[PDB]
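Since the structure comes first, as structure tokens, the remarks are kept for the end.
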Amino acid sequence: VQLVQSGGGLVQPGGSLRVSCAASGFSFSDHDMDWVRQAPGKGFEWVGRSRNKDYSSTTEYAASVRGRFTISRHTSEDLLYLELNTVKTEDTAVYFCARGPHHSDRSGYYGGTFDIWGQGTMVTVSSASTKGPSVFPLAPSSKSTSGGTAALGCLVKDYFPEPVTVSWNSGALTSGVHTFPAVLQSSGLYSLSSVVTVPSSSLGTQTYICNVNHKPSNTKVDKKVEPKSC
Amino acid sequence: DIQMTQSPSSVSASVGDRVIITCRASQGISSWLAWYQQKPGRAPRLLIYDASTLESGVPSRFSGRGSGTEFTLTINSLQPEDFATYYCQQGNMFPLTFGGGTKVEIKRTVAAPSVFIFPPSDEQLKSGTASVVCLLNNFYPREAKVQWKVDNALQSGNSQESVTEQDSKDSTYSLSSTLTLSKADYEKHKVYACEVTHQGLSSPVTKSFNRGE
């Protein structure tokens with residue numbers, strides 16, 4: 001049972017954007033599917049529900065988003081859509097798709113709880129423009145070597161909007177990696193650092209590639225961080 | 001339409017300690033309550049449904065009780081991996097409504113950070129910009145201070161710091177601080193240093209390097 005989200009990114013105020021979610025491992029038709037949003041540094045708020053094929057009015061929304069948002073489903077492909085028409089500044093958030101009760105669940109007519117959520121999709125409302133990031137190696141050295149360890153990383157700079165994903169060696173290096181939050185620079189562009197501390201003895205034998213994804217600009221860079229020669 | 005009051009907003013405990021969180025509903029929701037755990041950056045996870053029913057896969061230390069307008073979620077033996085923000089959800093009537101959330105953090109043994117400095121790569125230098133990075137690694141508590149000095153001239157306005165959530169293994173913190181100069185202002189000066197203050201250090205520590213080396 002899974003939920004994969006997609007879409008999102010930047011959107012001019014008063015514009016439109018469609019956010020989607022794909023579901024596998026279950027009979028999509030037989031379940032209610034809700035949309036929930038989290039404002040940055042805030043709690044969850046329910047955005048609405050798409051009903052499970054036993055309803056003629058197949059949708060419910062919260063009053064706050066009721067005149068601007070439309071929730072729909074694909075005719076046959078197991079997809080959930082959330083189209084944010086005439087977006088406002090207060091609609092910037094992470095939108096999660098979640099799964100609700102089954103059509104045989106007695107509680108589901110008036111409400112219900114979830115069990116599986118999607119990873120989330122970031123919807124940023126701004127009139128800036130998309131920028132791909134620059135990826136710079138933070139090479140390991142005596143300055144970055146402590147005892148029995150070295151620290152190397154990536155500097156992902158001058159990108160917009162959020163977010164950026166960083167992984168190390170295709171996700172196989174998950175020990176000691178620290179992906180830092182992004183800071184909004186003076187220019188209006190973000191910057192984040194990704195460091196991983198590894199054993200010094202492997203720096204001439206082991207190969208270190210940081211993977212950087214910026215889906216909004218469709219930019220992926222797999223950077224070789226290497227010990228400086230000197 | 002149905003208000004949810006969750007307390008506490010923030011909790012700190014040690015490993016092995018009992019944490020309790022309550023939830024208050026404006027009207028009775030019977031047993032239509034669920035509890036979720038959001039580890040930062042990830043998706044929420046269902047922990048409890050039907051007020052007290054533990055969802056398969058969840059450690060038996062979690063336990064929800066209550067009904068009507070008063071609910072709780074205990075965590076008996078706190079583990080470092082149990083760090084997240086916890087939310088109650090009401091399923092009795094539309095709109096589906098959540099609590100404000102409770103953040104759970106560990107209390108651990110004070111740890112001093114490792115300090116690492118990173119000069120600008122020649123790649124970033126050919127583009128005309130210089131960025132020096134300072135890294136503070138695996139410290140506790142979260143307060144820390146980072147002062148950039150260029151030729152022993154302290155700096156403000158050209159720097160930005162960032163901090164991580166607690167680790168799910170050792171409950172420690174990390175911090176990067178980035179100093180952004182131009183290729184001109186950078187190449188004018190010689191020594192670039194980073195002075196870290198923490199309570200796990202009896203002395204501030206300073207990592208320097210000289211430009212071009």
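Going through the structure tokens in order, the chains are called A, B, and so on, while each chain numbers its residues from 1 and the ligands are numbered from 1 in the order shown.
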
* To do: Please identify which residues in chain B DSSP calls helix (DSSP H, G or I) from the backbone, and express them as a ChimeraX atom specification.
  => /B:80-82,122-126,183-188

* Expected answer as a PyMOL selection string: chain A residues within 8 Å of chain B, only C-alpha atoms -> chain A and resi 42-46+61-62+107+110-120+136-140+143-146+151+178-183+185+193

* Asked: Got a sec: who's within 10 Å of region 91-97 of chain A, counting only C-alpha atoms, leaving out chain neighbours fewer than 4 positions off, as a ChimeraX atom specification?
  -> /A:3-5,8-11,13,19-23,33-42,44-49,65,80-82,84,86-87,114,116-126 /B:43-44

* Report the residues of chain A whose backbone DSSP state falls under strand (DSSP E), written as JSON, numbers by chain. => {"A": [2, 3, 4, 5, 6, 7, 9, 10, 11, 17, 18, 19, 20, 21, 22, 23, 24, 31, 32, 33, 34, 35, 36, 37, 38, 44, 45, 46, 47, 48, 49, 50, 59, 60, 61, 69, 70, 71, 72, 73, 79, 80, 81, 82, 83, 84, 93, 94, 95, 96, 97, 98, 99, 100, 101, 102, 121, 122, 123, 124, 125, 134, 135, 136, 137, 138, 149, 150, 151, 152, 153, 154, 155, 156, 157, 158, 159, 165, 166, 167, 168, 177, 178, 179, 183, 184, 190, 191, 192, 193, 194, 195, 196, 197, 198, 199, 208, 209, 210, 211, 212, 213, 214, 219, 220, 221, 222, 223, 224, 225]}

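You will find CA of residue 103 (chain A) at 13.7 Å from CA of residue 56 (chain A).
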
* For residue 200 (chain A), list every protein, DNA or RNA residue within 7 Å, evaluated using only C-alpha atoms, and leave out those in the same chain fewer than 5 positions away; present the list as a ChimeraX atom specification. => /A:148-150

Output N, CA, C and O atoms of each residue in that selection to a file, as a PDB file, in the first residue's frame.
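Here's the written file selection36.pdb:
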```pdb
ATOM      1  N   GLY A 148      40.499   9.899  13.092  1.00  0.00           N
ATOM      2  CA  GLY A 148      39.948   8.727  12.446  1.00  0.00           C
ATOM      3  C   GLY A 148      38.823   9.034  11.492  1.00  0.00           C
ATOM      4  O   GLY A 148      38.197   8.110  10.970  1.00  0.00           O
ATOM      5  N   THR A 149      38.560  10.312  11.235  1.00  0.00           N
ATOM      6  CA  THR A 149      37.449  10.693  10.384  1.00  0.00           C
ATOM      7  C   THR A 149      37.806  11.926   9.581  1.00  0.00           C
ATOM      8  O   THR A 149      38.705  12.699   9.928  1.00  0.00           O
ATOM      9  N   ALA A 150      37.056  12.091   8.505  1.00  0.00           N
ATOM     10  CA  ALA A 150      37.151  13.200   7.582  1.00  0.00           C
ATOM     11  C   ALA A 150      35.721  13.595   7.304  1.00  0.00           C
ATOM     12  O   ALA A 150      34.809  12.778   7.426  1.00  0.00           O
TER      13      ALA A 150
END
```
